[PDB]
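Colleague: before I ask anything, here's the sequence and the deposited coordinates:
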Amino acid sequence: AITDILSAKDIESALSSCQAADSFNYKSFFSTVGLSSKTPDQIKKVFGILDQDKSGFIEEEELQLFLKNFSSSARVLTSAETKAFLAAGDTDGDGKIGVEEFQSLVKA
Ligand SMILES: [Ca+2]
Ligand SMILES: [Ca+2]
């Protein structure tokens with residue numbers, strides 16, 4: 001579970017911050033839930049959850065459902081938010097986010 005590594009309380013605070021459409025920013029969310037200080041294994045576990053269909057990569061539609069991993073009532077990210085998110089993380093430009101890229105994003 002995601003709460004195996006992250007505090008439900010931190011998650012609540014991160015979600016309340018980005019309730020408005022187009023308010024989302026991965027750097028703010030990542031710090032509020034406390035991803036920045038996690039180890040490779042912990043980051044890999046979080047990645048595995050975000051990779052909802054277990055394909056090994058986080059594709060665009062999964063970035064769309066980014067908040068849904070933290071709360072089933074959370075909103076879907078907008079196309080703009082998703083586009084910017086993917087733009088930030090997709091280093092090699094294959095259109096998706098792999099574990100190495102996710103790690104880099106967390107430790108940036
Ligand atoms: Ca996937
Ligand atoms: Ca990529």
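Modeller: Cool, got the structure. Numbering: from 1, shown residues only. Ligands and ions are numbered 1, 2, ... in the order given.

Colleague: please count neighbours and contacts with C-alpha atoms only from this point.
Modeller: Noted.

Colleague: what ranges does this structure have for its helices?
Modeller: For the chain, the helices defined by DSSP state H cover 8-17, 26-33, 40-50, 60-64, 79-89, 99-106.

Colleague: list the buried residues for the fourth one?
Modeller: Pointing back at helix 60-64 there. Within helix 60-64, the residues scored as buried using 16 or more other Cα atoms under 10 Å are 60, 62, 63, 64.

Colleague: go through the residues you listed and name the one nearest residue 83.
Modeller: Minimum distance to residue 83 across the buried residues of helix 60-64 is 8.0 Å, recorded for residue 60 (Cα to Cα).

Colleague: can you name the residues that contact the nearest residue to that closest one once chain neighbours are set aside?
Modeller: Distances taken as Cα to Cα, 6 or more residues apart in numbering place residue 96 nearest to residue 60, at 6.4 Å, with adjacent residues excluded. For residue 96, the contact set (Cα atoms under 8 Å, 6 or more residues apart in numbering) comprises 57, 58, 59, 60, 86, 90.

Colleague: if we go to 10 Å?
Modeller: 56, 57, 58, 59, 60, 61, 62, 63, 86, 87, 89, 90 (Cα atoms under 10 Å, 6 or more residues apart in numbering).
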